[PDB]
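J.: As input, take structure37.cif (mmCIF, C-alpha atoms):
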```cif
data_data
#
loop_
_atom_site.label_atom_id
_atom_site.label_comp_id
_atom_site.auth_asym_id
_atom_site.auth_seq_id
_atom_site.Cartn_x
_atom_site.Cartn_y
_atom_site.Cartn_z
CA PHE Y 244 12.87 3.59 35.27
CA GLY Y 245 15.15 6.30 33.91
CA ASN Y 246 15.79 4.17 30.82
CA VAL Y 247 12.08 4.19 29.90
CA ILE Y 248 11.71 5.13 26.24
CA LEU Y 249 9.34 8.07 25.72
CA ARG Y 250 9.79 8.24 21.94
CA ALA Y 251 11.90 6.30 19.44
CA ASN Y 252 13.47 8.26 16.58
CA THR Y 253 14.36 6.89 13.16
CA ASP Y 254 17.99 7.88 13.72
CA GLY Y 255 18.44 5.30 16.48
CA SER Y 256 18.68 7.55 19.53
CA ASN Y 257 15.63 7.69 21.79
CA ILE Y 258 14.23 10.32 24.14
CA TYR Y 259 14.49 8.68 27.56
CA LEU Y 260 12.62 9.41 30.77
CA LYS Y 261 15.87 10.69 32.29
CA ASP Y 262 15.89 13.51 29.71
CA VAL Y 263 12.83 15.30 31.12
CA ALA Y 264 12.54 14.17 34.74
CA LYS Y 265 14.48 13.09 37.81
CA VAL Y 266 13.75 9.51 38.90
CA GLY Y 267 14.39 8.23 42.41
CA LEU Y 268 12.92 6.59 45.47
CA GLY Y 269 10.73 8.76 47.65
CA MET Y 270 7.50 8.51 49.62
CA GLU Y 271 3.92 8.10 48.45
CA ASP Y 272 2.85 11.02 50.66
CA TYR Y 273 4.47 13.92 52.53
CA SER Y 274 1.73 14.98 54.97
CA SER Y 275 3.16 14.59 58.47
CA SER Y 276 6.40 14.18 60.38
CA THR Y 277 7.52 13.85 63.99
CA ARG Y 278 10.38 14.98 66.21
CA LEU Y 279 11.39 13.78 69.67
CA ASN Y 280 13.12 16.59 71.57
CA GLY Y 281 13.88 18.27 68.26
CA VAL Y 282 15.34 15.17 66.56
CA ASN Y 283 13.67 13.73 63.47
CA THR Y 284 12.27 10.31 64.36
CA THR Y 285 9.88 7.76 62.91
CA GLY Y 286 6.70 7.52 64.97
CA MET Y 287 3.51 5.49 65.06
CA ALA Y 288 0.28 6.25 66.91
CA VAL Y 289 -1.66 3.35 68.43
CA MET Y 290 -5.40 3.91 68.80
CA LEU Y 291 -7.36 1.62 71.09
CA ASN J 729 15.92 -6.51 25.08
CA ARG J 730 14.22 -3.20 25.86
CA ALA J 731 16.06 -1.40 23.06
CA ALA J 732 15.29 -4.05 20.45
CA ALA J 733 11.61 -4.23 21.36
CA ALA J 734 11.34 -0.43 21.30
CA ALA J 735 12.98 -0.29 17.87
CA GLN J 736 9.94 -2.16 16.59
CA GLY J 737 6.41 -1.35 17.71
CA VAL J 738 6.16 -4.05 20.38
CA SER J 739 4.76 -2.51 23.56
CA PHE J 740 5.36 -5.22 26.21
CA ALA J 741 1.59 -5.39 26.75
CA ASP J 742 0.77 -6.83 23.36
CA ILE J 743 3.40 -9.34 24.48
CA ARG J 744 1.42 -9.91 27.67
CA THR J 745 -1.84 -10.57 25.82
CA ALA J 746 -0.17 -12.68 23.13
CA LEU J 747 1.59 -14.95 25.60
CA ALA J 748 -1.42 -15.15 27.92
CA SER J 749 -3.56 -16.38 25.03
CA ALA J 750 -0.92 -18.58 23.37
CA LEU J 751 0.86 -20.50 26.14
CA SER J 752 -2.13 -20.31 28.50
CA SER J 753 -5.87 -20.02 28.09
CA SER J 754 -7.76 -16.73 27.81
CA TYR J 755 -11.26 -16.11 29.22
CA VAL J 756 -13.05 -13.80 26.80
CA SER J 757 -16.85 -13.95 27.09
CA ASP J 758 -19.83 -15.96 28.36
CA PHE J 759 -22.64 -17.71 26.49
CA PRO J 760 -25.86 -19.59 27.30
CA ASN J 761 -25.85 -23.40 27.07
CA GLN J 762 -29.37 -24.80 27.59
CA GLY J 763 -30.21 -22.43 30.42
CA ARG J 764 -26.88 -21.90 32.22
CA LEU J 765 -23.99 -19.59 31.38
CA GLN J 766 -20.62 -21.14 30.60
CA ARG J 767 -17.21 -19.71 29.77
CA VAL J 768 -15.60 -19.05 26.39
CA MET J 769 -11.88 -19.83 26.43
CA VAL J 770 -9.17 -19.33 23.79
CA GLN J 771 -6.07 -21.47 24.35
CA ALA J 772 -4.33 -21.97 20.97
CA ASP J 773 -3.71 -25.28 19.22
CA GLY J 774 -1.68 -27.88 21.07
CA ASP J 775 0.80 -28.38 18.23
CA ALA J 776 2.28 -24.89 18.74
#
```
Please express what this file holds, its structure, as structure tokens.
T.:
Amino acid sequence: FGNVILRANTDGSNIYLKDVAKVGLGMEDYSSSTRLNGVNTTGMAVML
Amino acid sequence: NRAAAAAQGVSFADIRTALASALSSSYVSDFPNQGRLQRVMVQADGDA
């Protein structure tokens, strides 16, 4: 993804996506989080 | 090759359409045939 070509120049060198942004794995949302006794944990809530 | 394709104007989606219509059929529109609609399909000649 960092080697995605944003523009190609006649010289031969391109402007890549890594030249304007930082690319990496993350999460599709950052709303909520949970802790169990102050320790970061992954949690699910089961609704009946 | 990403670099080679970017050097020319090929956009990897023109490739998608070209291949999808050449090596497989393409469903483009719909026409009436004595009262019932039937598909229009472009598939390219068998010799190629």
J.: Given the file shown, determine the residues that the PyMOL selection byres ((chain J) within 9 of (chain Y)) selects; report them as a list in words.
T.: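 Residues picked by the PyMOL selection byres ((chain J) within 9 of (chain Y)): residues 730, 731, 734 and 735 of chain J.
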J.: Grab the CA of residue 741 (chain J) to CA of residue 258 (chain Y) distance for me, in Å with one decimal place.
T.: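 One can read the CA of residue 741 (chain J) to CA of residue 258 (chain Y) distance as 20.3 Å.
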J.: Need to verify the contact set: residue 286 (chain Y), 7 Å, all atoms listed in the file, exclusion of same-chain residues closer than 2 positions in sequence. Can you return it as a PyMOL selection string?
T.: chain Y and resi 277+284+288
J.: Could you tell me, as an MDAnalysis selection string, exactly which residues end up selected when the PyMOL selection byres ((chain J and resi 767) around 8) is applied to this structure?
T.: chainID J and resid 755:759 765:766 768:769
J.: Okay, now the selection with C-alpha atoms, as a compact mmCIF listing (two decimals), in the coordinates of the input?
T.:
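So the final result, stored in selection-v5.txt, reads:
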```txt
# COMPACT_ATOMS: atom_id res chain seq x y z
CA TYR J 755 -11.26 -16.11 29.22
CA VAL J 756 -13.05 -13.80 26.80
CA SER J 757 -16.85 -13.95 27.09
CA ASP J 758 -19.83 -15.96 28.36
CA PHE J 759 -22.64 -17.71 26.49
CA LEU J 765 -23.99 -19.59 31.38
CA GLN J 766 -20.62 -21.14 30.60
CA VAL J 768 -15.60 -19.05 26.39
CA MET J 769 -11.88 -19.83 26.43
```
J.: What is the distance, in Å and to one decimal place, between CA of residue 268 (chain Y) and CA of residue 281 (chain Y)?
T.: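 Spanning CA of residue 268 (chain Y) to CA of residue 281 (chain Y) is a straight-line distance of 25.6 Å.
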J.: Between CA of residue 276 (chain Y) and CA of residue 245 (chain Y), what is the distance, to one decimal in Å?
T.: 29.0 Å
J.: Using all atoms listed in the file, which protein or nucleic acid residues come within 7 Å of residue 770 (chain J)? Drop anything in the same chain fewer than 5 positions from it, and give the result as number ranges by chain.
T.: J: 749, 753-755
J.: Restricting the calculation to only C-alpha atoms: of J:732, J:746, J:738, J:751, which residue gets closest to residue 771 (chain J)?
T.: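 Selected residue with least distance to residue 771 (chain J): J:751.
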J.: Apply the PyMOL selection byres ((chain J and resi 776) around 9) to the structure shown and report the selected residues as a list in words.
T.: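 For this structure, the PyMOL selection byres ((chain J and resi 776) around 9) captures residues 750, 751, 772, 773, 774 and 775 of chain J.
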